[PDB]
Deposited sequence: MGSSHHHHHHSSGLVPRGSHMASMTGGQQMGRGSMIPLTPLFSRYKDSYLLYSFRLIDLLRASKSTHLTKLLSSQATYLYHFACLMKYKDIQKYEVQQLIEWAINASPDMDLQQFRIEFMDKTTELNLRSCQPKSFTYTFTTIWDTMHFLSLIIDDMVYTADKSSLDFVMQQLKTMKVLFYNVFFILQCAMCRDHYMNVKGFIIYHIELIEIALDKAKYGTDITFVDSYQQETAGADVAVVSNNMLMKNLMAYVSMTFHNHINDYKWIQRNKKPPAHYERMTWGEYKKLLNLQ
């Protein structure tokens, strides 16, 4: 619960806002289904109220977005979204900042990674099957990342490499599946220890590291894309500090 985490939380809601705004513009039923599922899942991981009411009020919010006027502009949708979230008792959904950038997306992806590892490290005896289900939702969330802003290069790249994140989500799933059948999980401090285990080791804070290293990989790779020589990259030690992990 640090200053960078506070940015993350607000970017998470900005991303969710801009996602449901697209529902009214959707040009196919498949995309409508895709958008509204994703938006429901995102709010499900967001903490807005206290779960039974939350999930039902989100359904109301999603249903109102599906129906809103396709001929509104973005700023009009924002007006009526702010009213709708107020009357639904969902002012927690309201983003403080509405300036949408690549940092909005990245923040959302890092937030999601922070959620995975807190659920996993506080997984106890009885909640094992429940986390197993949340991990499935997380895989669908990362498979269907919308950029919303225009960047065809970026969307082509992510479709190519997003399987690196999902892979590690499945590593967790195997670790939880082993824990259910006896072999408890030993949390280790580094990617290299889990790597060596190749017997149930899982890195503490695994997805923060995975999303952090992936984020560096994208930035490294864009010098190839535009043909330039590269420059301060984010480090793991530094990253843990900013987030007090």
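Residues of the deposited sequence lacking C-alpha coordinates, numbered from 1, fall in the stretches 1-37, 87, 237-242, 275-277, 293.
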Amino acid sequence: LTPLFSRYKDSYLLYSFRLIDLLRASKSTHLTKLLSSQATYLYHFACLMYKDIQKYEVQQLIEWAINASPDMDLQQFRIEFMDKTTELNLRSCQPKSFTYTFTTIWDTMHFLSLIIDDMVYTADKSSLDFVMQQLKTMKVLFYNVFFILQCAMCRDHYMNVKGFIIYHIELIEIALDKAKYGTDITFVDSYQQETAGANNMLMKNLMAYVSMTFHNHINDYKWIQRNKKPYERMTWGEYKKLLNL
From here on, numbers count along this sequence of modelled residues.
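Mean CA B-factor, 99-107 versus 120-128: the higher value falls on 120-128.
Look at the C-alpha B-factors of 85-93 and of 136-144. On average they run higher in 85-93. Per the PDB record, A196 has a higher Cα B-factor than any other of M212, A39, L61, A196.
Placement of the Cα temperature factor of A65 within the chain: lowest third of the modelled residues, per the deposited record. The deposited CA B-factor of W236 belongs to the middle third of values across its chain. Looking at the C-alpha B-factors along this chain, the one for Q192 belongs to the highest third. Sort the modelled residues of the chain by CA B factor and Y43 lands in the lowest third. Per the PDB record, residue ranking by Cα B-factor puts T183 in the highest third of the chain.
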